[PDB]
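Colleague: Would you be able to build a 3D model of this:
(2 chains)
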Amino acid sequence: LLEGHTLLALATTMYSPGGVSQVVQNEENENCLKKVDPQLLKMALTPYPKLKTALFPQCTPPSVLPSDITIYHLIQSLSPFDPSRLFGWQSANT
Amino acid sequence: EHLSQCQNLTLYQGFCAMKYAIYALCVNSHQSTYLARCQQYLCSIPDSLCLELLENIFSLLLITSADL
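Modeller: Numbering: from 1, shown residues only, chains lettered A, B, ... in the order given. Pasting the structure now:
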């Protein structure tokens, strides 16, 4: 894992002490085999975007996450009704 | 999710009030239920979203072919 080969890491951690969801939540398992070097594996888990997203929930604050549609934008699905032609004082109509 | 959709709800409400207002405005050019449809939807909308919509209505009142 720390070396980057998270494939064997997950394969060994599927049915081992602590467990994957436990590691997702709890890192206090005194079993030394249920822990890994965090940054080495993490930055070394580069080819695992989807795996990283699925394994551990993102501990974001209560602020809203990315909203990839704008009021003018989603409105533009009605062709001339793209609210960019006016309402420049409103950012949501981006 | 639902809290996120709650923000989207006012937007959906804004989306809900979006279509009705223009439809009343649309026929009123080439020439009322649509107007109240927004207005009724506008009676029960959020703060900043509905203020923005009212500003848009004012613009619609102060628009021309170029502004079109």
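Colleague: how about the residues of chain B near chain A?
Modeller: Residues of chain B lying close to chain A (CB under 8 Å from any CB of the partner chain) are B:4, B:7, B:11, B:14-15, B:18, B:22, B:52, B:55-56, B:59, B:63, B:67. Backbone N, C-alpha and C define where each C-beta goes, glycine included.
Colleague: Let me have those in CSV, adding secondary structure as columns.
Modeller: As requested, these are arranged in CSV below (DSSP: H, G, I helix; E, B strand; the rest coil):
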residue, secondary structure
B:4, helix
B:7, helix
B:11, helix
B:14, helix
B:15, helix
B:18, helix
B:22, helix
B:52, helix
B:55, helix
B:56, helix
B:59, helix
B:63, coil
B:67, coil
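Colleague: Just the buried ones out of those residues, please.
Modeller: Neighbour counting with 16 or more other CB atoms under 10 Å in any protein chain shown marks B:11, B:14-15, B:18, B:22, B:52, B:56 as buried within the residues of chain B next to chain A.
Colleague: Looking at the residues you listed, spot the one nearest chain A.
Modeller: Nearest to chain A out of these is residue B:52 (CB to the nearest CB; 5.1 Å).
Colleague: residues touching the closest one, list them.
Modeller: A:87, A:90, A:92-93, B:14 (CB atoms under 8 Å, 6 or more residues apart in numbering or on different chains).
Colleague: with the residues you listed in mind, which one is nearest to residue A:34?
Modeller: The nearest member of these to residue A:34, counting by CB to CB, is residue A:92 at 45.8 Å.
Colleague: can you give me phi and psi for the nearest residue to residue A:55 once chain neighbours are set aside?
Modeller: Once flanking residues are discounted, residue A:55 sits nearest to residue A:24: 6.1 Å by CB to CB, 6 or more residues apart in numbering or on different chains. Dihedral pair for residue A:24: phi -60, psi -40, per degrees, to the nearest 10.
Colleague: I appreciate the help and will end here.
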